[PDB]
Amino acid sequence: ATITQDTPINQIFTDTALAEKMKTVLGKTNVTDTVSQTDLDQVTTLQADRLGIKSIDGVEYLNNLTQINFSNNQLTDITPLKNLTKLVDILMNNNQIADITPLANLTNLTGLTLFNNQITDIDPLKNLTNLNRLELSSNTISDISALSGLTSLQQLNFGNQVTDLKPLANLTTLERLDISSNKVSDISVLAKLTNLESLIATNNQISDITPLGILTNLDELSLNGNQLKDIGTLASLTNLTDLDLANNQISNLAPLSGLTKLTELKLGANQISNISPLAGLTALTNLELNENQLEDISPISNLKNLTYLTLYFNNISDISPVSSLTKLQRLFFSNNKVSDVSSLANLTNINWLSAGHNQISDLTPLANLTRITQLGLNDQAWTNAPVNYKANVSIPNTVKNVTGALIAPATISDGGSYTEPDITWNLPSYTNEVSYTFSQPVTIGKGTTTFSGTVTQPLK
């Protein structure tokens, strides 16, 4: 493919967007300006991402291209790449490509980015044996047989219909693999990939992780959203620094106890009641423990370097172990049974404090936390100890704002009334309970929320 006469740029590159780009690249003034093959031969790289290109007709004449970026365009047909055999790197993520047959003979490729396209058939990749980076996620691939001969691969991803990982067996050069959001249950083949450093396998159907035992070079592992329970194998992976096991069925954390390089650990939405095994994990800066079965969180006081912690949706009454965590910047503990927040006055670095759906009645200990930027205190609830029924029963309002002022009830049950500080009923007959609600917008520092709740008063 060679221009034999001076040709207007827009007669070579028929796409409007590509003609405009080429005009600039070739140092011309108008898209109608003429160029020769000697001009086109000088183009060895092209960064043409994000330009709304629909067609690369004309690229076949850029015979000396070695690196191209056509990512984030509207490409469908990629036929003009067929004979550009000097190409070593293609960025072509986020297009509408289905047919990759034009890539079949680009044997000098070392990098090929094709994620977020409409690819099913990857058979045209089978001879691209020089590839070391290949990205195929967010496509509709089910069969990865074409990958079996790609023995220089170091970085790989694919999706989203793969169940059979057998074609990976000989790709022992693999260092970084992402198999998230496929239909994978059987990861036995991964035991062959002893050079793996990073393995991302979120949103699959994995329950057996014994194949990972000998993958001791792993420093990063994500098994978020599978069917894990027995994590005994993880004790072997002493180089782990980042571990994501959220959205599983894990209860026994003992295998994690020696993983002392861990700086990030995600364990939310599991079946954990015992966190004593986490006690020695002092390099942790991020820990997620939400949606478990926690009550005694005392072992957490050891984790002095935490800056991010989640504890929401548990059975915690006593929050004071977190008060040791002086570096905390973001703390989430909604949906527990905490009433006394006075120990949190010690969290002088806190920015985000999420504590809705607890039993908090008094904001005063929080008054000096002026660096707060995000705050949640909505929908508290508690039940008072029973008091004796009597027709003129009265209880004090205990609900106190950060200013120290009582917050007047929003509503009071059974036609009851309020005169600071007392809520008083006038009951005609015995009733088993009375109640009140409160709802008060409040800001602490720059963090705004509605401090609200419902208070139940049983009557004996």
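Quick note: we count residues from 1 along the sequence shown, nothing fancier.
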- Given the B-factors recorded for C-alpha atoms, which segment has the greater mean, 223 to 231 or 363 to 371? 363 to 371
- Item | Entry-level comparison of average CA B-factors, 141 to 149 and 261 to 269, reporting the higher stretch | 141 to 149
- Per the PDB entry, maximal CA B factor within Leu171, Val387, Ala355, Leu344: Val387
- C-alpha B-factor winner, where the candidates are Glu288, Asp99, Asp89, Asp242: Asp99
- Among the modelled residues of its chain, does the C-alpha B-factor of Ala391 lie in the lowest, middle or highest third? highest
- In terms of its chain's C-alpha B-factors, the third that includes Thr454 is the lowest
- Note on the structure: Sorting the chain's modelled residues by C-alpha B-factor and splitting them into thirds places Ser55 in the highest
- Looking at the entry's B-factor column for C-alpha atoms only, identify whether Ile68 ranks in the lowest, middle or highest third of its chain. middle
- Which third, lowest, middle or highest, does the CA B-factor of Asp208 fall in along this chain? lowest
